[PDB]
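Enquirer: I am attaching a structure below and will ask some questions about it afterwards.
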Amino acid sequence: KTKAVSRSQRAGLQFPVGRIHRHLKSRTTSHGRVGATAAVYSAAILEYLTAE
DNA sequence: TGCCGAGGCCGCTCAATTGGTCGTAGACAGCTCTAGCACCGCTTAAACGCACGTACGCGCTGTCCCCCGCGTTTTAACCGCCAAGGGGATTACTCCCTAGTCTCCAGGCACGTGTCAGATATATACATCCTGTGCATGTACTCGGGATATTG
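Counting from 500, one number per residue, gives the positions in the first sequence under the numbering used here.
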C-alpha cells in the first residue's frame with residue numbers, strides 16, 4: 500500500500516501501457532502477452548503520432 | 001526630286017488574382033465532473049522461456065569440361081517525323097427539373113436487458129491411424145531417322 504505509479508509514467512510514455520496490454524491479450528494472438536512487450540509497443544505507436 | 005506611306009514609341013479601360021476587413025455562428029476547448037470501473041498493488045501457484053556438449057547434416061570447398069555468351073556488320077523496316085483535313089470535343093447561352101432544406105410524423109428495429117443450457121472444454125484410458133522406412137517397374141525421357149509443313 501504505497502500509492503500507485505502508472506506503467507505509462509514508469510516507461511516515460513504518454514500512451515496507455517495498461518490498456519494496450521489488455522488489447523494485445525484477446526487480439527488474434529497466442530496465449531502469453533509479456534508485459535515488457537506492451538511498453539515497446541506503446542512507444543512504436545506514439546512515435547508515429549509525433550512523426551506524423 | 002517630291003510626297004507619303006509605312007514606321008516606331010507612350011496614356012485610357014477593362015479583367016483576373018490578392019490581399020484586406022466585417023460580423024456572426026455554431027463547434028472546440030475545457031470544467032466539472034462523480035461516476036465507475038478499470039489500473040494498480042499484492043499475493044499465489046502456477047508455464048514456459050532459456051543458456052548450455054554433442055550427433056552429425058549439410059553448407060561450402062578444389063578439381064576439370066564445355067555451351068552460351070561475346071563480337072561483327074548488313075540490312076531491314078521500325079520508328080520517328082510533318083503537314084492537311086474533318087469533325088467532334090468545346091463554349092456560351094436559355095430553359096428547365098430536381099437537389100437540397102425543413103418539417104412533421106411513425107413505428108421498425110436496432111438497441112438494450114434477464115435467464116441460465118446446450119454447448120464445448122478438460123481428464124484418463126486407449127486403440128488406431130498415420131508416419132518413416134524400405135522396396136519393384138513403368139514411364140516419361142533423350143536420342144536418331146524420316147515425314148510433313150512453311151518460309152522466301
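Where is the CB? At the ideal position from N, CA and C, for every residue including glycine.
Hey, out of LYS524, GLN513 and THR527, whose CA is closest to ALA543's CA?
Expert: Sequence index remark: in the first sequence, residue 543 carries index 44 (1-based). For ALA543, the nearest C-alpha among the options comes from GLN513.
Enquirer: Measure the C-alpha to C-alpha separation of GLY531 and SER541 and round it to an integer number of angstroms.
Expert: Against the first sequence, residue 531 aligns to sequence position 32. Against the first sequence, residue 541 aligns to sequence position 42. For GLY531 and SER541, the distance between alpha carbons rounds to 18 Å.
Enquirer: Drop a sphere of 10 angstroms on the beta-carbon of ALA503, count the other beta-carbons inside from all chains shown, and report buried for 16 or more, exposed for fewer.
Expert: Sequence index remark: in the first sequence, residue 503 carries index 4 (1-based). Per the 10 Å Cβ criterion, exposed.
Enquirer: Around the Cβ of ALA535, are there at least 16 other Cβ atoms within 10 angstroms (buried) or fewer (exposed)?
Expert: Against the first sequence, residue 535 aligns to sequence position 36. Exposed: under 16 other Cβ atoms inside 10 Å.
Enquirer: Along the alpha helix (DSSP H) that carries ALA543, what are the first and last residues, could you check?
Expert: Within the first sequence, the letter at position 44 stands for residue 543. Taken as a continuous stretch (DSSP letters only), the alpha helix (DSSP H) holding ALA543 covers 535-550.
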